[PDB]
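Each chain, written out:
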Amino acid sequence: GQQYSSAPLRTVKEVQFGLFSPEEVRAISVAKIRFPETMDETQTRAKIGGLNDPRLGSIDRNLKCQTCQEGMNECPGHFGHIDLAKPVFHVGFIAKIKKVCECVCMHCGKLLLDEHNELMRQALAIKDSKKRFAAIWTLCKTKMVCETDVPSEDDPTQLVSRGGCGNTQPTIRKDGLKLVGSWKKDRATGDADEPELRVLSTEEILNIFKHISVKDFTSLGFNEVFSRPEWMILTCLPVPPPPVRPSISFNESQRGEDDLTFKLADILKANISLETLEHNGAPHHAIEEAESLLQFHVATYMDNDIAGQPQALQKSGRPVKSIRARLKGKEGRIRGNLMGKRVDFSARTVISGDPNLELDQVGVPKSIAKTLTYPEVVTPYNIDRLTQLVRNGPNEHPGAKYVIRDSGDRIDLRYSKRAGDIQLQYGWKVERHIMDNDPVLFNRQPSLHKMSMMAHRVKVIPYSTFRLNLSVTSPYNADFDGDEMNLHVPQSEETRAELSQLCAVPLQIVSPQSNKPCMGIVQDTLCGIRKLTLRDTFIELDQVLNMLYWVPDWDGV
Amino acid sequence: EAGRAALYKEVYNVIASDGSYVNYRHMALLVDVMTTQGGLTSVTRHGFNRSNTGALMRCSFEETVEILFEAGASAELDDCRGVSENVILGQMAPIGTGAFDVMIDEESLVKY
Amino acid sequence: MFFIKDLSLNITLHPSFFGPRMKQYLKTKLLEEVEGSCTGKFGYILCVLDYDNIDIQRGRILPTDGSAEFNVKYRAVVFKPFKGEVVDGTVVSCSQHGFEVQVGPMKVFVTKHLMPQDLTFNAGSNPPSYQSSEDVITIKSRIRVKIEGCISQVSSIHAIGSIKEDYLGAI
Amino acid sequence: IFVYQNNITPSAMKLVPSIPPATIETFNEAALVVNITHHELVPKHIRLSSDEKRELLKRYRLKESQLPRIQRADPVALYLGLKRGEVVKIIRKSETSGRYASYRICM
Amino acid sequence: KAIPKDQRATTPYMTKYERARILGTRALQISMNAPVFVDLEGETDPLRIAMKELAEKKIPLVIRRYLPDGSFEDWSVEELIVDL
Amino acid sequence: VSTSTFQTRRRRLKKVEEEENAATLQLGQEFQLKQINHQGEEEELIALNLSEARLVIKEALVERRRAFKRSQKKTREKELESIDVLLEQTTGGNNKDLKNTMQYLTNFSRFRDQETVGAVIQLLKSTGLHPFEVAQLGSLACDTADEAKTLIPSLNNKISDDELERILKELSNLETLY
Amino acid sequence: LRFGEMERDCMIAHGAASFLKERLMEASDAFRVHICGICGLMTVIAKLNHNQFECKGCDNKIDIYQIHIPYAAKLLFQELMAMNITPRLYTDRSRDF
Amino acid sequence: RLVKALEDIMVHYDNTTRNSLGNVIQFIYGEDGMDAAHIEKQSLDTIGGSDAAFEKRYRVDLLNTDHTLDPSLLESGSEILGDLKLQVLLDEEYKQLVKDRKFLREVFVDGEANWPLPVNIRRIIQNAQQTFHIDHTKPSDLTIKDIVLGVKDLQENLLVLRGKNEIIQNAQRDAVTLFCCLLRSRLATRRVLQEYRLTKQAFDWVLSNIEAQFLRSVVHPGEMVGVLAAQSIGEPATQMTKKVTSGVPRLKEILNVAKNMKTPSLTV
DNA sequence: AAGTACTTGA
RNA sequence: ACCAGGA
DNA sequence: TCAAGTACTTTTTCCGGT
Ligand SMILES: [Mg+2]
Ligand SMILES: [Zn+2]
Ligand SMILES: [Zn+2]
Ligand SMILES: [Zn+2]
């Protein structure tokens, strides 16, 4: 349970995407993040004021967080930072960077085309941020010279001077994490033949991006507040707190650090090397070497499954789990932890049909009812019932498992010394067993239907199978060759109503899929119904009487 | 418009050939969705998932990370109108039960 | 200064109070939270004006919990001090460092060094006093201070003041 | 409207947006042999007035964006000489309602 | 910006969703020891009370019906037809 | 949870420039001249001179005591004692800030009666001075047009010296002789 | 048990809006973070015990809200920040429509 | 793919079908505004048979000694003969039934009469007969005005869209178009009197019940029609087993907007 | 296995 | 991530 | 300049054992 916070509770109305300015990373950061070593204060097992908690989140479970005083199941993580010795490309933005270079002057930071080209003012007109950038690029890519004077908005005889700089633009190509250009030149009207080939540095691209005007970058996909192009190049790297990269700390003394933690220390180590090379006697090539290694780790940390093949492998042969990898579809954050979730108040067992159950009920094995719970609020209407269910305990059928006090702290009837002399108060919740007639969600996966999930009445019964009415077989697409089914128990009066009022089996009879019923009479009943209704078929009094008494709402006539 | 007409005719035939009957409206809606854009928008990551809907909603099918990186680069704003975003946000979606609001009227409460 | 300001507080009522004495409980809950309060944005919220016409509005029922949230729109008298504000107050305390002056709900402290040089501390007096050739400042005495700056602090606002410039000091 | 047998040289084609407000349309003779509008699958498209459009949007509380779209190059949008921003009312025979009207804005 | 009563244009009938959400809400409030506006005629299930409260049209709630543009129409559970 | 205002500006990400506050009449965002009442109408800032403020609270509390008794159906030294009783009746008590304020306002008010506070309000609100200066002129008692122009430095070129002295004269006369 | 994507769809089809929230929150994940009202991030150093809030970087000791999101979403956000992306959460609107 | 493509689509409080951008997909859900569950296949009688047999069924001519309603059909039968004012009403009636018949043949080119529409009228009449113990002997207490105008009124009450403006009002007229043809056909003067043999009270009950049922039949704003549609095409695809590519593969071909399709064909 | 996107030869 | 099974 | 090639992306219903 989380504690009371005086902060006003709200809902998220908008998600404003963007990029971190290095300045922000440094601002939000609670520590920097100097040593690759996790902890062990010279082997003295306690977190090192350098990597995981130089003020960040928490380990130990016991022992609170050093920044917020909260501790473990309250403390969200706290971000840190690593100041990189040299600028590095963000793997993700590597091609957007390439494309921005392709649109801008690699010397003055001005759009290669403007309001002076007709097709350009046409493309600039585009309202769509992505589509506009799309068009600007296809135009600007081929413009290989930053223009000084372009023909006037009337005649070609007089040329109007736009922005300055008459420099020739490189023909940029990717060389796996590196951007290498090829300027044609001029040399006696010809040349190329044989152009100048050199790699464009992260810092030079950074400086061109830094010089791209607000008006200009805003014409491209960018936003002067949330995403300036200069932010696609990493300077100050945010360090995610332990909650993101938890150590699977087996036994008492055995580390068990996360994959992200190691990959970080790799970056850390790769950074310290670089910084000392440039501070000390810089052997010039030794730097463009250690730089390319830091660029590698900062790239592979975010996305490991890069085109220019060499996958960063953990010492085991097994490759490193990237952050990109964490989020990627079905199994993994979005699709696996958010769109779908493992849930509590769920049960699953083998199904078997029953002709004695009602269409809308479901047979619930006692053991399952004795586990599954509803948190009922102590009200004057139910005070006496609930007091008996509590008296009954977690072991007897109509019983309860827990009593929740005003205080918020859970009473375990299984163990509490005061489990007998428990004395209920209005406003407490009693976590009672699942009882006959409670509404529950019954499901049979796949679940290609509204109908694959229907709300049923409970029916606590003996034996380990979920029991269902035979006519309800079809919507679920169930048979009893060994099919299992899922049951979900709502915890609120609000959700209970949703189920009973919208999802209930009877409501589901006539289906909108084909404007006709999705449940009918089947198997034995369909077979015997023909057999019963032939002209040849007559029934003697003795049996007629039983046939009659069997109809539960028979008029007695 | 004739594109829609054919698109339905064709979709309907796949269903009808198998013996199966699906009420008009269902096929109509799909057919219409593909069409309303001006052309034939595919039920792929290249079609519908490339529309101007919320970043989080779109990221929940096929291009996840790539979509989210672009959201950062363009400083996209999720409206938070879609189902998928509210699901991600652990909020009550503006779906059936949540398609309207409930308030207490002090006036009628003082009347009863 | 001393203003009348239009304000609004969001209140979350538990279902048990959806009885006819609702607006009544609501108005009172507002007075509890709001009145006697001290924010920095608005300063001292002293007295809620015109009780009979407090606007409760419609309360939205919060979905998973039963409760209803109301944005109680209202209007009240406030005290917000400012640097440069000349205030008339009464001495409350007195020490070797200076003296505190009660200006409405707030206290303004005058440093020994923010007073004229002639005015000097006297320990051997009941109560402790400040003595000029012509003036005597002590616990019950009234002073006109110029607020030099404020510090917004939790359930209060405190300020440093001066009586060194012209037309300031004992009144 | 200019009706041509086989082609219009890109030299001549560059003089089309030359004389505003006046507009010019190029139509390859070979397309016009059969009237597409006459086809089984082709419903009634109706070019709305500026006032009529204004009302459509008022009555449905729509931003121009929110309306279904007809491409500027659409065989029917061409037949009617639809201009960007112009709206068409489409009247189709419904198996559901008998008559149904959609609207499409130009691209 | 809030549509005036005289200019309302949504169904005069309550939706399946509205009714379900009202019964849910009331059961939740009744269960949270809220004041009940009906004579419980020996009732105990907060849902069954809510059903009774909706039947007697003594539910003090209002449905705020939002339109796709953002505007809204306020409808009382008292005024809403329950043919469902 | 705290209280909010009629000011709704959307400071998206761009935090600061949280400018200073003075007698350059640069008060807060909150204490600007163009305010907006809850009815939505633009209404200019309400500043009170102690005397004005004393009557306001008294009024509100007296009327609260009317409503509280209705719902329950089914000499300056002497003003201080009477006020301290009305506070026990209407306020939560725990609000020492209000008791302190009321004792202060009772002991520091220049104009005892509403009639008197009226004339002050008319005489002053005709100068076209910002509500702040207009209140400060009511709150601080000044003789030389200098005393005023010194203690209320914002006035500096806003009014004539003789004009101010004429106003200072009428305010002196209005003073309710305790 | 897994209440998966497909199951979510049937719930959406039913219009069981609260039931869905209860599965995804109460019955699983559900967590409480404090967000800053200026930079819509989980920056807030909520020393909820001393009622102290703060978001250094915004120097905001006031404009702070509390929100209920699935722990997996807190995680997602922290993960996107790790990769320099800002998933700024806002408790009011600005766009309309 | 289908679910992910349609999820955010639902009916808003303006009977309009919109996505999460509020862009209009359908102006009215399923072109009629009705909930699929509340629809049943009904026969639009008017549509077929001979132009000859149509007349025998529908036509009433009080100015012809043979084509008048026999006074065995209704009490007024005797005094109704040669009433020119009433014959204006019956000619209006018939001229509309002839209009309907043409329009129907334009919608349904092959002449298919069986179409799923809301409110099973056949059943309403059936029930009126057992409920009121309808005597297929005694003459009706109905007026021509009682029937002719009664039907003209019920029509005004079959509400789908509520707005007070031409756009929304014509929208309503259109949405209700087909139902009304069925309605006018099944409730024409000769049919009601000679076939159904209804009393005023029974006919009045038949009328209120069509209204009640129709209203019940309209979709509920909030209905997640996106998921519904997606699942209603999805689920059957799972039960799937000149020679053209068909079934699951052709479906994959369709949704993908496959450029290079397998069995291209033209039907000239 | 099937598309988009971009690069390469005539 | 693999392997083996169930509907 | 326009066709052909190359890069490189991308999926697949829910429930013991390394
Ligand atoms: Mg089976
Ligand atoms: Zn912490
Ligand atoms: Zn240049
Ligand atoms: Zn912040």
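Residues numbered from 1 in each chain as written, not as in the entry; some residues may be left out. Chains lettered and ligands numbered in written order. Part of a larger assembly, values for the part shown. Heavy atoms only, no water. Residues with missing side-chain atoms left out of burial classes, pairs and counts.

For this coordinate set, the PDB header names X-ray crystallography as the determination method and states a resolution of 3.50 Å.

Participant: Can you walk me through the arrangement of the chains in this structure?
Facilitator: If you rank the 22 pairs of chains in contact by how many contacts each has, first place goes to chains A and G. Over all C-alpha pairs, chain D and chain F never come within contact, reaching a minimum spacing of 24 Å. You won't find any contact between chain F and chain H; their C-alpha atoms come no closer than 23 Å. (Contact = heavy atoms within 4.5 Å.)

Participant: Would you explain the sheet that holds strand 17 (residues 439-443) of chain A in this entry?
Facilitator: Across a sheet, paired strands are connected by hydrogen bonds in the backbone, their directions being either parallel or antiparallel. Read around the closed barrel, the 6 strands follow the order 11-19-12-18-17-20 (chain A); overall the barrel is mixed. Ignoring which end each strand starts from, the neighbouring axes of this sheet average 45° apart. In the sheet, strand 17 of chain A pairs with strand 18 (residues 453-461) of chain A via 5 bridges, with the strands oriented antiparallel. The partner of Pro439 of chain A across the bridge, within strand 18 of chain A, is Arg457 of chain A. Sheet strands in contact with helix 14 (residues 493-503) of chain A are strand 17 and strand 18 of chain A, and its direction is about 65° off that of strand 17 of chain A. Sitting on the sheet, helix 1 (residues 5-14) of chain G touches strand 17 and strand 18 of chain A, and the angle it makes with strand 18 of chain A is about 105°. (Pairing = 2+ DSSP bridges. Helix = DSSP H or I, 4+ residues; strand = E, 2+ residues; numbered from the N terminus. Axes fitted to C-alpha atoms, helices over the stretch in contact; angles between N-to-C directions.)

Participant: How should a nonpolar patch on the surface be read in this particular structure?
Facilitator: A grouping of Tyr549, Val551, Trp554 and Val557 of chain A is seen on the molecular surface, where their side chains present a nonpolar patch of about 480 Å² in accessible area. Note on placement: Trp554 of chain A falls in the segment after helix 17 (541-550). (Patch = residues over 30% accessible without salt bridge, like charges linked within 9 Å, V, L, I, M, F, W, Y side chains within 5 Å. Areas by Shrake-Rupley, 256 points an atom, 1.4 Å probe, with all protein chains shown as cover. Salt bridge = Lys/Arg side-chain N within 4 Å of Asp/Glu carboxyl O.)

Participant: Honestly, the coordination of the zinc ion (ligand 4) in this entry has me stumped. Any pointers?
Facilitator: For a metal bound by four donors in tetrahedral geometry, the ideal donor-metal-donor angle is 109.5 degrees, whereas six donors in octahedral geometry ideally sit at 90 or 180 degrees. Residue and element names in this part refer to chain G. Binding of the zinc ion (ligand 4) to the protein goes through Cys36 (SG), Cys39 (SG), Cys55 (SG) and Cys58 (SG), at separations of 2.2 to 2.4 Å. Each donor residue of the zinc ion (ligand 4) lies on the same chain, and together they follow the pattern C-x2-C-x15-C-x2-C. Residue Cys58 is classed as buried on the basis of its relative accessible area, which comes to 7%. (Donors = N, O, S within 2.8 Å, 3.2 Å for Na, K, Ca; no water. Buried < 20%, exposed > 50% of the residue type's maximum accessible area, 1.4 Å probe, protein only.)

Participant: I keep staring at the protein's contact with DNA strand I and nothing clicks. Help me out?
Facilitator: Neighbouring residues of DNA strand I: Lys98, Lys99 and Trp137 of chain A together with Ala258 of chain H. Interatomic distance of 2.7 Å between a side-chain N/O atom of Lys99 of chain A and a phosphate oxygen of DNA strand I. Looking at the surface near DNA strand I, its residues break down into 2 nonpolar, no polar and 2 charged. (Near = heavy atom within 4 Å. Polar contact = N/O pair within 3.5 Å; in protein donor to acceptor, adjacent residues only side chain to side chain. Nonpolar A, V, L, I, M, F, W, Y, C, P; charged D, E, K, R; others polar.)

Participant: Would you mind showing me how to read the packing of helix 2 (residues 51-58) of chain H against helix 7 (residues 189-196) of chain H here?
Facilitator: A pair of packed helices can be characterised by two numbers: the angle between their axes and the separation between those axes. Residue and element names in this part refer to chain H. Between helix 2 and helix 7, the least distance of the axes is 7 Å, while the angle of their chain directions is 70°. In this view, helix 2 runs roughly perpendicular relative to helix 7, as classed from their interaxial angle. On helix 7, the residues that touch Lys56, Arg57 and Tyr58 of helix 2 are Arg190, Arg191 and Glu195. In the contact of helix 2 with helix 7, the residues fall into 1 nonpolar, no polar and 5 charged. (Parallel < 35°, antiparallel > 145°, perpendicular 65-115°, else oblique.)

Participant: When you look at the protein's contact with DNA strand K in this model, what are you seeing that I'm missing?
Facilitator: Surrounding DNA strand K, one finds 14 residues, the nearest of these being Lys330, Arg335, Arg342 and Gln445 of chain A together with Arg2 of chain G. When atoms of DNA strand K within 4 Å of the protein are sorted by moiety, sugar and phosphate together comprise 97%. Between a phosphate oxygen of DNA strand K and a side-chain N or O atom of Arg324 of chain A, the distance comes to 3.4 Å. In the environment of DNA strand K, a phosphate oxygen lies 2.8 Å from a nitrogen or oxygen atom belonging to the side chain of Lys330 of chain A.

Participant: I would appreciate a short explanation of the sheet that holds strand 4 (residues 69-70) of chain D in the present structure.
Facilitator: Residues and elements named next belong to chain D. Spatially, 4 strands are ordered 3-5-6-4 in an open sheet, and the strand pairing comes out mixed. At either margin of the open sheet sits one strand with a lone partner, and together these are strand 3 (44-47) and strand 4. Alignment of strand 5 (residues 87-92) against strand 6 (residues 100-106), held across 6 bridges, turns out to be antiparallel. What sits directly across from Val88, in strand 6, is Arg104.

Participant: Explain the environment of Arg19 of chain E here, please?
Facilitator: Considering the arrangement of structural elements, one finds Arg19 of chain E in helix 1 (residues 16-31). For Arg19 of chain E and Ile63 of chain E, which are 44 residues apart along the polypeptide, the C-alpha to C-alpha distance reads 9.9 Å. Not counting the four nearest positions on each side in its chain, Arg19 of chain E is found in contact with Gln501 of chain A together with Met14, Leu54 and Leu84 of chain E.

Participant: Please explain the coordination of the magnesium ion (ligand 1) as it appears in this structure.
Facilitator: All names here are of chain A. Around the magnesium ion (ligand 1), the donor atoms from the protein are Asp479 (OD), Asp481 (OD), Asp481 (OD) and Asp483 (OD), and they sit 2.0 to 2.4 Å away. Between consecutive donors of the magnesium ion (ligand 1), the numbers of intervening residues give the motif D-x1-D-x1-D. Overall, the relative accessible area of 11% leaves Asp483 in the buried class.

Participant: How should the interface of chain A and chain G be read in this particular structure?
Facilitator: Buried accessible area, meaning the area lost when the parts come together, often serves as the stated size of an interface. The interface is formed by 88 residues belonging to chain A together with 70 residues belonging to chain G. Of all residues in chain A, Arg10, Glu14 and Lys341 of chain A give up the largest surface area on contact with chain G, accounting jointly for 10% of the area buried on that side. The interface formed by chain A and chain G contains 6 salt bridges. A salt bridge links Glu24 of chain A to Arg88 of chain G, with the nearest nitrogen and oxygen atoms 3.0 Å apart. Taken together, the connections running from chain A to chain G amount to 46 residue pairs in polar contact. Grouping the constituent residues of the side of chain A that touches chain G by class yields 45 nonpolar, 26 polar and 17 charged. Where strand 1 (residues 9-10) of chain A and strand 3 (residues 64-69) of chain G come together, 2 bridges link them in parallel fashion. The residue of strand 3 of chain G that forms the bridge with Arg10 of chain A is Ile67 of chain G. (Buried area = accessible area lost by both parts, 1.4 Å probe.)

Participant: Help me understand the packing of helix 1 (residues 2-17) of chain B against helix 10 (residues 247-255) of chain H, please; the structure alone is not making it clear to me.
Facilitator: The geometry of helix 1 of chain B relative to helix 10 of chain H is characterised by a closest axis approach of 9 Å and an angle of 155° between their N-to-C directions. It follows from the interaxial angle that helix 1 of chain B and helix 10 of chain H lie roughly antiparallel. Viewed along their axes, helix 1 of chain B and helix 10 of chain H form a crossing whose handedness is left-handed. Residues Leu7, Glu10, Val11 and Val14 of chain B of helix 1 of chain B form the contact with helix 10 of chain H, whose participating residues are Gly247, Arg250, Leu251 and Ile254 of chain H. When the residues that make up the contact of helix 1 of chain B with helix 10 of chain H are grouped by side-chain class, the tally is 5 nonpolar, 1 polar and 2 charged. (Left-handed = near helix turned anticlockwise from the far one by under 90°.)

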